[PDB]
Each structure stands twice: as C-alpha cells, then as structure tokens.
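Presented below is the structure to which this report refers.
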Amino acid sequence: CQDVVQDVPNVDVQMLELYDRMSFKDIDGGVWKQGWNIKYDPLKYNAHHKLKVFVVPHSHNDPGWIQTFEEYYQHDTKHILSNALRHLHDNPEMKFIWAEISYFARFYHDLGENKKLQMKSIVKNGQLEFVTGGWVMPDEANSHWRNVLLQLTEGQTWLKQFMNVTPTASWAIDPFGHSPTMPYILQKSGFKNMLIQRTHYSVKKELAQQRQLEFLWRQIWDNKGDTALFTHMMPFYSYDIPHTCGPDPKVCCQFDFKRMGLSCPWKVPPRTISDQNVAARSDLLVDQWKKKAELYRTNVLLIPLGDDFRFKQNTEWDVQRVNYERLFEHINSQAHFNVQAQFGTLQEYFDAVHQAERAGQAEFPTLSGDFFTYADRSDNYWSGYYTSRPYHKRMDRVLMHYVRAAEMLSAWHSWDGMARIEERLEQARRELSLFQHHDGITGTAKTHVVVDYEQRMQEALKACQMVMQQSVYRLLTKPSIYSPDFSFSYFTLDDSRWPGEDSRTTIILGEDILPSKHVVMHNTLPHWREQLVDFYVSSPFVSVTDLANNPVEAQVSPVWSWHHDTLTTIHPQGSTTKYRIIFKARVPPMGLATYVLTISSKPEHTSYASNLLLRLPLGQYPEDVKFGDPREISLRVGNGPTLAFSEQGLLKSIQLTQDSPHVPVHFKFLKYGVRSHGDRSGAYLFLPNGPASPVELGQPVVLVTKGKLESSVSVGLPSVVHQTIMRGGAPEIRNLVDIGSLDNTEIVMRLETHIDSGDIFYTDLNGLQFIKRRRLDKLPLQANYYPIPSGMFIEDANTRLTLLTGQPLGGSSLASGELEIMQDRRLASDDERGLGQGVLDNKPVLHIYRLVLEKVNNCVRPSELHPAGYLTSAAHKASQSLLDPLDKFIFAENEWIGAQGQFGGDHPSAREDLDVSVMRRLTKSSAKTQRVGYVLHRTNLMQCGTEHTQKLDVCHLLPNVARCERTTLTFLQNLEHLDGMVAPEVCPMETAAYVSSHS
Ligand SMILES: [Zn+2]
C-alpha cells in the first residue's frame, strides 16, 4: 500500500499551487471574450499531418429543472428518442451520444418488440453510444460519493441488463464545478476517459495557454498515479453550438442549422450549404476548427454538436445532418484543407487520441486538485448552490442512510417475490439517484419540481422503512415461529433527527393498558457500537433491560418544544403526557440489539434530568423546573469535555480535560445581504455586499437540561432554535432554521478561535476526502466559499477544530482561527442562469453537526506541501454518528413470541478506518446461485499514537460461499478471481468491491 501521509505526489498541475500563482485578471480577449486571438501556423497541416475532426451530436436532457422528470419526458425527451431511433436507423453514418439513463430506461420500456430490437441494432453498430451511463448527470459539489456511485450503478446495471453495454467514457457538460471524486469512482468502475466543461474561465485560459486541457487526473494523495484518469476539459464558455466549434461564437453560431424559431445573438444567421457557398462556409468553419485544435496536443479534434433537448424534431435531424454532410463531402474532397471530418462518438474521439499518444505524437500532463469554486464570468462565483434549498440537501443524507440500511437488512435473506423487496429497493434507489441530478440536490429547480423531488424521496423513505421493518422481524424471530404477512407493520421506525415534525410515536405504557415494550437497534457499520438512543414514553417511570432482563442505566428528560408567542417572544413549552427515555444501546457490527421498556414509581436504574429556564408544569415528572436570571453556564457530561456558554446560550469555550486550558471557541450568527448595484445572488450565485454583520439576539430564553447521560443548552434565537447536546465526547449542534420572512438574507454560523490557522483551511469533497484550501484576498468573498458536503477544519502546530455536518452546506474560513457555514438563504432576485426565480420557498430544516476540538502536536501530519488533510479517529467517528446513526424500531404489537435479543454477535469487528459502504443482494430468489455485492471503503486517519479488531472477509459473511470475485464498484465486471474465496486487505484511501456467490 502507498503512503498517503509522508509522500507528496509530483504532478505537472497542482490546483492549490496553480491558484496561488494565477492572477485571475478578467481581460477582454476579443472574439473569445475570456481567452485571446488564437494563431496557428497553416503549414503545420499537410497530407502527412491532417486534422481529424469528430463532430459528435448530443442532446442535454435534465431529469428535472424548469419541468418535472415526467413533464420533460412527455414534452421533449420521448420525441427526441423516437427521432433518434428513426433517424439513426435510416442514416447509417449518423451518430448520437446519450447521457441520462433515467430517460432512456423510461422510453425503452414503452417500445414494442420491433422498436426494441431496432434500438438494440443502432447500439450494437455503435451509432447510438451511451456516455457515463449514470441514471443522471450528477452534481459534483453537494453529492455524497456513495450516491454518485449509487446513480452510476443504477444506470450502468440497466445498460448491462438491457443493452449488454458498459460505457468507459464519461460526459459531464453541465455540473457547476468538477470534483476529483468523479475520476476516482469512474476509474474504479472500468472507465478509460472523461470529459468536463464547467471550470473557472480563468483556469481554462491558464491551461489553454500550455495545452493542458487534456490531463491525466490523479487523486491528491496518489504518489504512483494508479488512480489517474484521462480527462478532456472543453475550452470555452458553454457546451452549446456557438461555444463548441472554435473560438468565435459569432462564426460557430452560423453552424447551428436549427437557428434558421431560434436565432443567433451575434446577428449572423446560419445559411443552407449549397454548391454556391460551400467553399466559403467550409473555409470559415475549418478556420474555427484549426483554432480550437491549437489548444490541444494531438491532430484529433472533438467538436460537440448540440444543446438542451436538441434533436427533438424530424426536420432538426435533417437540417443538421444534411448541411454537415455537404460540409464534410466538400472539406474531405479538397486537399488544401488537410482535414478529415465526420460524424463520430465520444469514445471514437478518445480512441484516436490514445492512438496518437501510443504513436508518440503527444505526452499528456498530470493533474491533481479540484475545480471549485467555478465562475462563468467576472466575479459570478457559483457558491450559492452549496446552500440553496437546505431542507432537501439534508433529506438527501437521511435517504442515503435509509437505502443503505434497507439494502443491508434485506441482503441477509432471499425473499419470496410476494414480499415485494426488489421493487421497493428499486424504487428507493431510483428516487435517490434522480436527486443526484445537477438541478436536484443543488436546489436550482423550479418550486413544483423541488416538490416532485420531495414527494419521490418521501415515497422512497416509506419504501426503505417497509423493507427494514420486515427484515428486522425476520432476523430476530425464532425460525420455528417466523410466519410473515408481508403487508403487516411489525415495527414502526423512530427517528430523532428526521424530520425533527411533530411526529414520533409515544409508546403508551400502563400497569395494565400495556406494561412492557420491545425496541430494536440496528447498527449498519462493521464494528461494535455504543450510542445513546431515545424514545418518547407516556410515563416518566420507565426502566430499561436487555432481553436477558439485565438492568440498563437510563435517564428521563421532559419533551420540550419552542413557540413564537407573536403577541410577545420565543419560549419553550414542556409536555405533561410524553417524556424521553435515554440509554446506551450496544449493537454488534452490522447487527441488531433488542431492549425492553417496562413501566413501574421511580425505578432503581433511571435518573431524572433537571431543567433550568434562564429569562412551566411537567405532568407526572419528578424534578420541578428551576428559574434563573440570564447567566454564564458550564456543563460536563461523563469524563468528556467541559463546555462554557454565554448568557445567550452560545458556546464560548471548551476544556478538553480536568487539567488542560479553557480553550476559547465562540459561536456567532451573522447575516449577509444582496447587492445595491451589481449582480443579484440567486439559486446559483453568491454575491454578498460586504462581510456579514452580527444578528441581534436580544435577551432570549435559554433552556438548560442537566442529566447524568445527556445534558444540553437550547436557545430560541430570531430564526433559529440552537442547541448544544452533551453525551460525553464531542458535542452535537442542532439548528432548527426558519429563515421565514427575511428577504435578501443569508444566515451564517461562525466559530471563532485563537487557532493560528492563518490562510489555511480544509473542506471535504463528496464525503470521501479532505482538500487543503487557501483563502485568497485577491479573490472576492464568494470565491473563498467552498462546498462543505460533510466537514471542515482548521489547525495550527498544536490545535485542530473540526466541524462535521449531517447535510451539504456552503462554508469558508474567512480569517485566521475561524470556520463558517451557511444555514439558509432567501432571495428576492433571479440570478439570470435560466431558472427565472429567486429562492422564495424556504421551510424549517433541522441541521445537525458535531464539534471536535483536539490536540494534534503528537499526530503524524503530512508535510507543509501535501494538498490533502486527514481526520482523526474521533472526527471520523463523529462524522459516522451523523451520517449512519443507529436505526430504532418499536414493536408495533403487544406480544412478540419468538423474540430474540441480538443478531450479528458473531460478525467480525473490523478496524475503525474500514466501512462496508454497500451490502446489496444481487439475485432474486428464482436464481440457483445467490450472489451478494459488497463495497468496501478504507479511509485514512491520523496516527496520534492513541484496540482489539478482527479480519473482515466479506466473501465469508454469508454461509456456503462457492465463489468470490473482486469487481468494479458497480459490480459489473470481474477484476480478480479470488482462488481462496477470501477478500484481500484494502489500502488507506481505497475503495474495493467484491461479489460473493453462495450455494
Ligand atoms: Zn443541465
């Protein structure tokens, strides 16, 4: 295994280093506004050295933006695919590429056998070629890596199953910024090349000037270059026809034969190609081509030909095809051009490029880093969408976890087809897959479309719960009893965090209404976990036992809610009929643990929290509420940190241990505005008019709850209920955010330390890796905002502070010792990127965080020059507690004969840096050989020199292994037959996939 800490890779282009030297000057380049006047030597080209041009027709199809998936399908996409099918069929030299498998699957299932076979025909002959082959073309900023891999697996599985094809070239023309997570997943899924579009205009200029637009893109820690993927970055402002033929959009636009009810902004129309003009039109176009080719190292040129929802009408197919045919026939017949031009596919382009390299005509540069934050022009940085529609951003994470848990839970058994497991899982994967779209998780879609996304995710959550409950009943009922009704609710799910919602079951216990209640906890992670869990109960006199009837220590706290008296003030109210029972659930790796809640007066092993209101009846509750003037507060749970809070109930300092210092750590809410003159912030753009200013907090009500297992500080701020929860380690932060009214406002949460971070900070990419960022004072504020998909940190010689998130949001470190993360944004103006609206549809979201202060001076850190950072064990586990908590199940009935106490107590408890990211059964009951796929990710944690673990071999997890294969990440190809049927060890920062066959 490579060393990802000691050794700094050598690459031609390192993006952090690149950004440091770049001036980012927005100069007028001329007809190429953001470049220069391309010159080529016309004697470069002769009969020995021709330009080879691939004109690649395409149609960008959004699975939701202005319209819903179904709306666009009905209006646009179904017509495009019928025409493609007809036109390619009748025109054997015509070519077409296709990205979005969601729409292809939808269309293909509606075809008659005949059309099905004809369609297979034009795929087999290579005329219609699938690119990437994902369900969608996903967002790359906010998306979790697991979800990127999910949407990819979904489209490619569909392709392999229905078309017997697996794309090896990727096409990503539209995401707003590009992540190295994409080459990382794609190269582990058999890909050979990929294409990107949306990078900062100033980065395109810099690279274009050195012919570094094609590059071998490797991971920032990769010393060897094993991860490298060949990447083509297109050079110009857009993927549309004006911006794809060459440098001068005024010329290129004349070669979009659909604009003769569409027209050319530059006021020069296209003209039909005839014998009259062909020489002149050809000359104009090839000049364009040769200008573009000068930016690349080979004599092979990629010319994309299309636009959004293009190739819809029969006559668009003719006008495009026939005019370009006339051009090609003329160009290729005339030796003075020294050009071979034709219709081609993406993979055809890449093949010819690799032919040129293998012949030694070019050596390509190496690149590591990322392409965030993107700007299309002047100071219009697209950091807005790191935050837009934050409720759905959080919904993504919750759904992500429920599909994982549903697929793992049900993977253990084969299910009769009447249970409908395969169907529910299929729906849940597809819904979650669709939201990966660059108008889904991004928050850049119209309100009714966001509505559609939400309803779909909701149905997907319901489908996971139905699978999870059925699986749990099967796993913990004695086989001699197990007799299921697949439409029965054996368990209801209990979620303390989604939606946060006046739902949640109260368990109603009574000395003879119902005395005891069985609850089960599921642990999706492959090691033993202990975690505080909570349930709502109808009495404060409840005690906890395991199934063996051993006592478990518990605490009871009141249920509190916050009201806006509107008359007055934001105040808490306490329940008189529901209480919270809290205890530590111990749960096996990938396993289940049953507990019992029994009613009794005050039990032996249950304590009662106290309540202090700083500025209230509580039912059958033992400790009466106390009252107080606003004051500073210090709490400690267990031996864990001691935390001091302001008189406004905001964290002020943390003390790690009894004898360590009181470390200043201040939370502050601030607000950013929109511009006086200038451009207006929208769904995409963040255009603050100066540094944020502090929110006026007044004198708010601070609620303090103090218990032996769990304590917390909650405060009703204007817009935000803010809570710090203490369980013994790193606290959890919850914000209930209601931006409600406050137009042209962005609400930020900032941390202020004395940590001597300077200009350095660290943000993660897709929850997979942490990348070094440098704050740049030469760039505007919005350009120092980066995606925070799961966490961020600052550090000095001695001290780290890391914030872990349950939800993708935007964030920065805008001064030494600070971290900051946007909570919500409300926006009266459109930012003119196509959407037509601002963001005027906000709703209450519960944001969750963990807050880790640590001493790092005895940690093995990477050198000053390494572009990556690495989490500690504590910060890694805190992240895992946010994204993959314990699942909670309440038995829905009164008696559970058969009940067992635990599942998975024999499962190996693997090293903490290792996760079984996916467990998914791959075969229905009707197959003779059962097969299960596993995705394994091993992260890399700092060695701080800070435990008993067993070897985990996924091939042996289930009984009667007959075969085990190391596979691509999508499970679709074998990469190594494992003679042993034992899975090899995986390296730090690697992801591997195994498929186990069972007899
Ligand atoms: Zn798009």
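Numbers here mean position along the shown chain, with the first residue as 1.
Determination method: X-ray crystallography, 2.1 Å.
Using the three backbone atoms N, Cα and C, a Cβ is placed for every residue, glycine included.
Around the Cβ of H438 (Zn(2+) binding site), 27 further Cβ atoms fall within 10 Å across all displayed protein chains. A coil conformation is recorded for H438 (Zn(2+) binding site) in the three-state DSSP classification, outside any helix or strand. Here Swiss-Prot flags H60, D62, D174, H438 as Zn(2+) binding site.
Counting Cβ atoms from all protein chains shown, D174 (Zn(2+) binding site) has 20 others lying within 10 Å of its own Cβ. Secondary structure at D174 (Zn(2+) binding site), as computed by DSSP, is coil. Taken from Swiss-Prot, the feature active site, nucleophile applies to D174.
Taking a C-beta cut-off of under 8 angstroms and a sequence separation of 6 or more, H60 (Zn(2+) binding site) has the following same-chain neighbours: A99, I173, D174, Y239, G306, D307, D308, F309, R310. Distance (Cα-Cα) between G500 and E501, which enclose 3 unmodelled residues in the deposited structure, is 5 Å.
Here the deposited model leaves out 5 residues, and the two residues on either side, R615 and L616, have Cα atoms 13 Å apart. In sequence order, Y72, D174, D308, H437, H438, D439 are the residues near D62 (Zn(2+) binding site), counting only same-chain partners six or more apart with C-beta under 8 A. A Cβ within 8 Å of the Cβ centre of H60, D62, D174, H438, the residues given for Zn(2+), is found for these other residues of the same chain: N61, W65, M137, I173, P175, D308, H437, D439. Note that 2 residues are not built between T946 and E947; their Cα atoms stand 9 Å apart.
At the Cα atoms, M260 lies 7 Å from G261, with 3 residues between the two left unmodelled.
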